[PDB]
$ cat protein.txt   # compact mmCIF, C-alpha atoms
# COMPACT_ATOMS: atom_id res chain seq x y z
CA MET C 1 -18.24 -18.05 -76.00
CA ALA C 2 -15.34 -18.82 -73.67
CA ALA C 3 -14.63 -17.03 -70.39
CA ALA C 4 -15.26 -18.90 -67.14
CA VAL C 5 -14.43 -17.75 -63.61
CA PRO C 6 -10.63 -17.22 -63.61
CA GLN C 7 -8.67 -18.32 -60.55
CA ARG C 8 -6.29 -15.99 -58.69
CA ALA C 9 -3.08 -15.82 -60.73
CA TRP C 10 -1.18 -13.53 -58.37
CA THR C 11 -0.97 -13.11 -54.60
CA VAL C 12 -1.58 -10.10 -52.35
CA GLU C 13 2.03 -10.40 -51.20
CA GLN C 14 3.21 -10.32 -54.82
CA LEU C 15 0.98 -7.60 -56.28
CA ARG C 16 1.49 -5.12 -53.44
CA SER C 17 5.18 -6.06 -53.65
CA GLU C 18 7.70 -3.88 -55.47
CA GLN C 19 8.98 -6.64 -57.77
CA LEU C 20 5.81 -7.24 -59.80
CA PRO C 21 5.11 -4.84 -62.72
CA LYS C 22 1.80 -3.00 -62.39
CA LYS C 23 1.55 -3.09 -66.19
CA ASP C 24 0.44 -6.73 -65.97
CA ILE C 25 -2.01 -6.40 -63.07
CA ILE C 26 -3.76 -3.81 -65.23
CA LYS C 27 -3.90 -6.06 -68.30
CA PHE C 28 -5.17 -8.95 -66.18
CA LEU C 29 -8.19 -7.05 -64.86
CA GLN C 30 -8.90 -5.80 -68.38
CA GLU C 31 -9.06 -9.36 -69.71
CA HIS C 32 -10.79 -10.77 -66.61
CA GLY C 33 -13.12 -7.88 -65.82
CA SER C 34 -15.84 -5.93 -67.60
CA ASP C 35 -15.61 -2.28 -68.68
CA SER C 36 -18.16 -1.20 -66.06
CA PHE C 37 -16.22 -3.08 -63.40
CA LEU C 38 -12.98 -1.37 -64.42
CA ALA C 39 -14.70 2.01 -64.82
CA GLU C 40 -15.39 1.92 -61.08
CA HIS C 41 -11.67 2.00 -60.30
CA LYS C 42 -10.81 3.66 -63.63
CA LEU C 43 -8.96 0.51 -64.69
CA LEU C 44 -10.45 0.41 -68.20
CA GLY C 45 -8.97 2.26 -71.14
CA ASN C 46 -5.22 2.37 -71.73
CA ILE C 47 -2.94 0.55 -69.28
CA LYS C 48 -0.03 2.90 -69.98
CA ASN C 49 -2.40 5.72 -69.06
CA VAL C 50 -4.02 3.77 -66.22
CA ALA C 51 -0.66 2.93 -64.64
CA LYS C 52 -0.41 6.63 -63.77
CA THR C 53 -3.93 7.02 -62.37
CA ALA C 54 -4.10 3.62 -60.66
CA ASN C 55 -1.84 3.09 -57.65
CA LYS C 56 -0.22 -0.18 -56.56
CA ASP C 57 -2.87 -1.00 -53.97
CA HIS C 58 -5.44 0.39 -56.40
CA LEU C 59 -4.70 -2.39 -58.88
CA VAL C 60 -4.60 -5.01 -56.13
CA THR C 61 -7.72 -3.75 -54.37
CA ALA C 62 -9.59 -4.06 -57.66
CA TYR C 63 -8.11 -7.51 -58.29
CA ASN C 64 -9.26 -8.80 -54.90
CA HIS C 65 -12.84 -7.52 -54.76
CA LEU C 66 -13.33 -8.56 -58.40
CA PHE C 67 -13.51 -12.16 -57.19
CA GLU C 68 -15.54 -11.30 -54.09
CA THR C 69 -18.05 -9.34 -56.17
CA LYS C 70 -17.94 -11.95 -58.96
CA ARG C 71 -18.14 -9.11 -61.49
CA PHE C 72 -15.67 -10.59 -63.98
CA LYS C 73 -15.69 -9.66 -67.67
CA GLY C 74 -18.96 -10.42 -69.42
CA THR C 75 -20.18 -10.83 -73.00
CA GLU C 76 -19.74 -7.73 -75.16
CA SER C 77 -18.66 -8.72 -78.67
CA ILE C 78 -17.76 -12.42 -78.61
CA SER C 79 -17.49 -14.38 -81.86
CA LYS C 80 -19.89 -13.36 -84.62
CA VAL C 81 -19.63 -14.04 -88.36
CA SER C 82 -23.28 -13.73 -89.37
CA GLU C 83 -26.90 -14.24 -88.34
CA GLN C 84 -29.51 -16.34 -90.15
CA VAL C 85 -33.03 -17.41 -89.21
CA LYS C 86 -34.71 -20.24 -91.10
CA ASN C 87 -38.47 -19.98 -91.62
CA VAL C 88 -40.30 -22.94 -90.09
CA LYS C 89 -37.72 -25.60 -89.20
CA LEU C 90 -36.53 -25.11 -85.63
CA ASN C 91 -32.83 -25.95 -85.39
CA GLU C 92 -30.22 -24.95 -82.81
CA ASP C 93 -30.81 -22.17 -80.27
CA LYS C 94 -27.32 -20.72 -79.84
CA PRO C 95 -24.95 -19.37 -82.55
CA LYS C 96 -22.65 -22.35 -82.00
CA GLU C 97 -19.67 -22.96 -84.30
CA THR C 98 -16.29 -21.28 -83.85
CA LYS C 99 -14.81 -20.85 -87.33
CA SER C 100 -11.92 -23.25 -86.77
CA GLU C 101 -12.75 -26.96 -86.95
CA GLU C 102 -9.89 -29.21 -85.84
CA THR C 103 -9.28 -30.24 -82.23
CA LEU C 104 -8.18 -33.84 -82.74
CA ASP C 105 -8.26 -36.85 -85.07
CA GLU C 106 -9.13 -39.62 -82.62
CA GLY C 107 -11.60 -37.59 -80.57
CA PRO C 108 -10.97 -35.88 -77.19
CA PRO C 109 -12.77 -36.97 -73.97
CA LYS C 110 -15.97 -35.38 -72.68
CA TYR C 111 -14.16 -32.30 -71.38
CA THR C 112 -11.58 -29.63 -72.23
CA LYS C 113 -8.62 -28.55 -70.09
CA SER C 114 -6.13 -25.72 -70.56
CA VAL C 115 -3.14 -25.04 -68.30
CA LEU C 116 -3.05 -21.27 -67.77
CA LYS C 117 -0.21 -20.97 -65.27
CA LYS C 118 2.23 -23.89 -65.22
CA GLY C 119 3.13 -25.12 -61.74
CA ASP C 120 5.69 -27.43 -60.13
CA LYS C 121 5.28 -29.83 -63.05
CA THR C 122 6.60 -32.69 -60.92
CA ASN C 123 4.38 -33.19 -57.88
CA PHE C 124 1.23 -34.72 -59.37
CA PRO C 125 -1.76 -36.14 -57.42
CA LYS C 126 -1.51 -39.89 -56.86
CA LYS C 127 -4.40 -42.32 -56.39
CA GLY C 128 -5.18 -42.40 -52.69
CA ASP C 129 -3.29 -39.22 -51.81
CA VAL C 130 -5.23 -36.14 -50.71
CA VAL C 131 -5.13 -32.75 -52.41
CA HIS C 132 -5.94 -29.15 -51.51
CA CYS C 133 -7.05 -26.62 -54.12
CA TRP C 134 -9.66 -24.00 -54.99
CA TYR C 135 -12.36 -24.06 -57.67
CA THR C 136 -14.91 -21.66 -59.14
CA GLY C 137 -17.73 -23.11 -61.21
CA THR C 138 -19.85 -21.19 -63.70
CA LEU C 139 -22.44 -22.34 -66.23
CA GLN C 140 -22.21 -21.54 -69.94
CA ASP C 141 -23.78 -18.15 -69.27
CA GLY C 142 -21.54 -17.70 -66.23
CA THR C 143 -23.98 -19.02 -63.63
CA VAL C 144 -22.07 -19.74 -60.43
CA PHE C 145 -22.99 -23.21 -59.16
CA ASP C 146 -20.06 -23.85 -56.82
CA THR C 147 -17.38 -21.43 -55.63
CA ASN C 148 -14.84 -22.69 -53.09
CA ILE C 149 -12.79 -19.49 -53.47
CA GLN C 150 -13.13 -18.25 -49.89
CA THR C 151 -11.94 -14.84 -48.70
CA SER C 152 -8.25 -14.18 -48.07
CA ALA C 153 -6.69 -15.08 -44.72
CA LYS C 154 -4.52 -11.95 -44.67
CA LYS C 155 -7.70 -9.98 -43.97
CA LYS C 156 -9.29 -12.60 -41.72
CA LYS C 157 -8.49 -16.21 -40.84
CA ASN C 158 -11.33 -17.92 -42.72
CA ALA C 159 -9.89 -19.64 -45.79
CA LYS C 160 -9.04 -23.32 -46.20
CA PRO C 161 -8.69 -25.16 -49.56
CA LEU C 162 -10.84 -28.24 -50.15
CA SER C 163 -8.95 -31.44 -49.31
CA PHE C 164 -9.95 -34.58 -51.20
CA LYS C 165 -8.18 -37.75 -52.33
CA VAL C 166 -7.74 -38.22 -56.08
CA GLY C 167 -8.64 -41.43 -57.88
CA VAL C 168 -11.01 -42.38 -55.07
CA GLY C 169 -14.42 -41.50 -56.50
CA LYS C 170 -14.19 -38.19 -54.67
CA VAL C 171 -15.06 -35.89 -57.57
CA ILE C 172 -16.63 -36.25 -61.02
CA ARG C 173 -14.97 -38.49 -63.61
CA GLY C 174 -14.29 -35.45 -65.77
CA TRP C 175 -12.61 -33.45 -63.02
CA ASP C 176 -10.63 -36.44 -61.76
CA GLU C 177 -9.16 -36.99 -65.22
CA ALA C 178 -8.30 -33.30 -65.51
CA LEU C 179 -7.08 -32.68 -61.96
CA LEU C 180 -5.04 -35.88 -62.14
CA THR C 181 -2.86 -34.00 -64.63
CA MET C 182 -2.58 -30.91 -62.42
CA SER C 183 0.73 -29.98 -60.79
CA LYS C 184 1.67 -28.48 -57.43
CA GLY C 185 1.07 -24.74 -57.59
CA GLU C 186 -0.59 -24.52 -61.00
CA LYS C 187 -3.69 -22.81 -62.38
CA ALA C 188 -5.94 -24.25 -65.09
CA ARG C 189 -9.32 -23.80 -66.75
CA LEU C 190 -11.23 -26.94 -67.73
CA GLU C 191 -14.77 -27.33 -69.05
CA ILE C 192 -16.59 -30.61 -68.41
CA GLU C 193 -19.56 -31.63 -70.55
CA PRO C 194 -22.97 -32.58 -69.05
CA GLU C 195 -22.11 -36.23 -69.74
CA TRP C 196 -19.21 -36.18 -67.27
CA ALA C 197 -20.78 -33.98 -64.60
CA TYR C 198 -24.51 -34.05 -63.81
CA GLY C 199 -25.91 -35.64 -66.95
CA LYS C 200 -28.25 -34.79 -69.82
CA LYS C 201 -30.93 -34.23 -67.18
CA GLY C 202 -29.01 -31.55 -65.31
CA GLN C 203 -28.82 -30.46 -61.69
CA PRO C 204 -32.08 -28.78 -60.54
CA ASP C 205 -30.52 -28.65 -57.07
CA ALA C 206 -28.31 -25.76 -58.16
CA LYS C 207 -30.68 -24.44 -60.83
CA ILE C 208 -28.70 -26.36 -63.44
CA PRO C 209 -30.74 -27.15 -66.60
CA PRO C 210 -30.27 -30.28 -68.79
CA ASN C 211 -27.11 -30.47 -70.90
CA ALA C 212 -25.20 -27.60 -69.28
CA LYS C 213 -21.48 -27.16 -69.89
CA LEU C 214 -19.57 -26.52 -66.66
CA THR C 215 -16.37 -24.49 -66.93
CA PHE C 216 -14.15 -23.56 -63.99
CA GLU C 217 -10.59 -22.94 -62.79
CA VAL C 218 -8.55 -24.80 -60.18
CA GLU C 219 -5.44 -23.91 -58.18
CA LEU C 220 -3.45 -26.67 -56.48
CA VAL C 221 -2.07 -25.60 -53.10
CA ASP C 222 -0.71 -28.92 -51.81
CA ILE C 223 -0.82 -32.70 -52.24
CA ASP C 224 -0.76 -35.15 -49.32
$ encode --input "protein.txt" --output "structure tokens"
Amino acid sequence: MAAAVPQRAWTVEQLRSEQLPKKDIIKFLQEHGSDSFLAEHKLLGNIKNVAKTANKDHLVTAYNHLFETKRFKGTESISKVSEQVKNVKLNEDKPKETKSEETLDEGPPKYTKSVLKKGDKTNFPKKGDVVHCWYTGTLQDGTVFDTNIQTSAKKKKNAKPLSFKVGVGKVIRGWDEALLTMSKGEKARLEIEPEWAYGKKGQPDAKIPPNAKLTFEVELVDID
């Protein structure tokens, strides 16, 4: 399993624009949305064939609400090699494993980060300096625990990124280590373990059970 809440990759001004290829916007919703979701706007199927049925605003309108309706792509096939059930033993609850077995030799921290869309790659957050970005959290099963992705301002002035100083015990130790490597105008998807978030106990406050992996995506907007 691997598909947390993806952050906005494009902008309303870009999509609707006449410089961005609709071919992509269609492939993005297909990899970030579920069949049913796409079916609604007839976005599922064949892009080449959908690019004729789906209009410019059609692709953008479906890319905007997708986040508002939080109806991203869900489990359908995922990874599956086999299924075994031991008789009287009790061991593991989830399929686990992932075929490949080699992430590092020394041992990575208690989290995983992946830069989706590279940004400035120069203006990094310094200790003591504030930062403004968005973030959408979702449990292993995709349970939203914290979504700062407010509505767009173009439709109504009511959106303001969260401003917090880095390296000042503002956020979790796992997010601080990941965000600290974020660049101005960049999108990423990092998953922090329960050891560097809430703990083995969990977070009953947000219906978060013990040992729950938290994956999300952030988008840096500015750094002061």
$ residues_around --input "protein.txt" --residues "stretch 62-76 of chain C" --least-positions-apart "3" --cutoff "7 Å" --atoms "only C-alpha atoms" --output "PyMOL selection string"
chain C and resi 29+31-34+37+41+58-59
$ atom_distance --input "protein.txt" --atom1 "atom CA of residue C:218" --atom2 "atom CA of residue C:192"
12.9 Å
$ atom_distance --input "protein.txt" --atom1 "atom CA of residue C:20" --atom2 "atom CA of residue C:150"
24.0 Å
$ closest_atom_pairs --input "protein.txt" --of "stretch 55-167 of chain C" --to "stretch 193-198 of chain C" --cutoff "9 Å" --atoms "only C-alpha atoms" --output "tab-separated table"
residue	atom	partner	partner_atom	distance
C:110	CA	C:193	CA	5.6
C:111	CA	C:193	CA	5.5
C:112	CA	C:193	CA	8.4
$ closest_residue --input "protein.txt" --among "C:189, C:154, C:80, C:94" --to "residue C:135" --atoms "all atoms listed in the file"
C:189
$ closest_residue --input "protein.txt" --among "C:214, C:101, C:15, C:23" --to "residue C:202" --atoms "all atoms listed in the file"
C:214
$ closest_residue --input "protein.txt" --among "C:56, C:99, C:27, C:132" --to "residue C:44" --atoms "all atoms listed in the file"
C:27
$ residues_around --input "protein.txt" --residues "residue C:208" --least-positions-apart "2" --cutoff "12 Å" --atoms "all atoms listed in the file" --output "PDB file with C-alpha atoms, keeping the file's coordinate frame"
ATOM      1  CA  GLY C 137     -17.730 -23.110 -61.210  1.00  0.00           C
ATOM      2  CA  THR C 138     -19.850 -21.190 -63.700  1.00  0.00           C
ATOM      3  CA  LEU C 139     -22.440 -22.340 -66.230  1.00  0.00           C
ATOM      4  CA  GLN C 140     -22.210 -21.540 -69.940  1.00  0.00           C
ATOM      5  CA  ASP C 141     -23.780 -18.150 -69.270  1.00  0.00           C
ATOM      6  CA  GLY C 142     -21.540 -17.700 -66.230  1.00  0.00           C
ATOM      7  CA  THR C 143     -23.980 -19.020 -63.630  1.00  0.00           C
ATOM      8  CA  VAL C 144     -22.070 -19.740 -60.430  1.00  0.00           C
ATOM      9  CA  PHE C 145     -22.990 -23.210 -59.160  1.00  0.00           C
ATOM     10  CA  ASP C 146     -20.060 -23.850 -56.820  1.00  0.00           C
ATOM     11  CA  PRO C 194     -22.970 -32.580 -69.050  1.00  0.00           C
ATOM     12  CA  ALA C 197     -20.780 -33.980 -64.600  1.00  0.00           C
ATOM     13  CA  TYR C 198     -24.510 -34.050 -63.810  1.00  0.00           C
ATOM     14  CA  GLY C 199     -25.910 -35.640 -66.950  1.00  0.00           C
ATOM     15  CA  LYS C 200     -28.250 -34.790 -69.820  1.00  0.00           C
ATOM     16  CA  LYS C 201     -30.930 -34.230 -67.180  1.00  0.00           C
ATOM     17  CA  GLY C 202     -29.010 -31.550 -65.310  1.00  0.00           C
ATOM     18  CA  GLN C 203     -28.820 -30.460 -61.690  1.00  0.00           C
ATOM     19  CA  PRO C 204     -32.080 -28.780 -60.540  1.00  0.00           C
ATOM     20  CA  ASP C 205     -30.520 -28.650 -57.070  1.00  0.00           C
ATOM     21  CA  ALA C 206     -28.310 -25.760 -58.160  1.00  0.00           C
ATOM     22  CA  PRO C 210     -30.270 -30.280 -68.790  1.00  0.00           C
ATOM     23  CA  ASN C 211     -27.110 -30.470 -70.900  1.00  0.00           C
ATOM     24  CA  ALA C 212     -25.200 -27.600 -69.280  1.00  0.00           C
ATOM     25  CA  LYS C 213     -21.480 -27.160 -69.890  1.00  0.00           C
ATOM     26  CA  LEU C 214     -19.570 -26.520 -66.660  1.00  0.00           C
TER      27      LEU C 214
END
$ decode --input "protein.txt" --residues "stretch 159-194 of chain C" --atoms "C-alpha atoms" --output "PDB file, in the first residue's frame"
ATOM      1  CA  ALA C 159      -7.188  30.477   2.167  1.00  0.00           C
ATOM      2  CA  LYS C 160      -3.980  31.116   4.108  1.00  0.00           C
ATOM      3  CA  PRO C 161      -1.049  28.641   4.422  1.00  0.00           C
ATOM      4  CA  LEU C 162       0.087  27.653   7.915  1.00  0.00           C
ATOM      5  CA  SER C 163       3.021  29.777   9.080  1.00  0.00           C
ATOM      6  CA  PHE C 164       5.428  28.178  11.552  1.00  0.00           C
ATOM      7  CA  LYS C 165       9.133  28.530  12.344  1.00  0.00           C
ATOM      8  CA  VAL C 166      11.342  25.539  11.553  1.00  0.00           C
ATOM      9  CA  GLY C 167      13.816  24.076  14.022  1.00  0.00           C
ATOM     10  CA  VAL C 168      11.876  25.598  16.910  1.00  0.00           C
ATOM     11  CA  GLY C 169       9.917  22.641  18.272  1.00  0.00           C
ATOM     12  CA  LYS C 170       6.962  23.803  16.189  1.00  0.00           C
ATOM     13  CA  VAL C 171       6.142  20.492  14.513  1.00  0.00           C
ATOM     14  CA  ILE C 172       6.975  16.822  15.064  1.00  0.00           C
ATOM     15  CA  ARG C 173      10.610  15.685  14.949  1.00  0.00           C
ATOM     16  CA  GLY C 174       9.841  13.615  11.867  1.00  0.00           C
ATOM     17  CA  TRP C 175       8.243  16.459   9.940  1.00  0.00           C
ATOM     18  CA  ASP C 176      10.910  18.955  10.987  1.00  0.00           C
ATOM     19  CA  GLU C 177      13.644  16.699   9.620  1.00  0.00           C
ATOM     20  CA  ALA C 178      11.715  16.232   6.375  1.00  0.00           C
ATOM     21  CA  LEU C 179      10.457  19.787   5.903  1.00  0.00           C
ATOM     22  CA  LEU C 180      13.926  21.099   6.748  1.00  0.00           C
ATOM     23  CA  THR C 181      14.978  19.615   3.401  1.00  0.00           C
ATOM     24  CA  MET C 182      12.043  21.164   1.518  1.00  0.00           C
ATOM     25  CA  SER C 183      12.615  23.948  -1.010  1.00  0.00           C
ATOM     26  CA  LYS C 184      10.664  27.069  -1.959  1.00  0.00           C
ATOM     27  CA  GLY C 185       7.805  26.036  -4.223  1.00  0.00           C
ATOM     28  CA  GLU C 186       8.180  22.267  -4.012  1.00  0.00           C
ATOM     29  CA  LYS C 187       5.798  19.353  -3.435  1.00  0.00           C
ATOM     30  CA  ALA C 188       6.664  16.196  -1.502  1.00  0.00           C
ATOM     31  CA  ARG C 189       5.113  13.116   0.090  1.00  0.00           C
ATOM     32  CA  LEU C 190       6.603  11.908   3.373  1.00  0.00           C
ATOM     33  CA  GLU C 191       5.386   9.195   5.742  1.00  0.00           C
ATOM     34  CA  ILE C 192       6.318   9.455   9.421  1.00  0.00           C
ATOM     35  CA  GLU C 193       6.229   6.396  11.674  1.00  0.00           C
ATOM     36  CA  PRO C 194       4.262   6.302  14.973  1.00  0.00           C
TER      37      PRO C 194
END
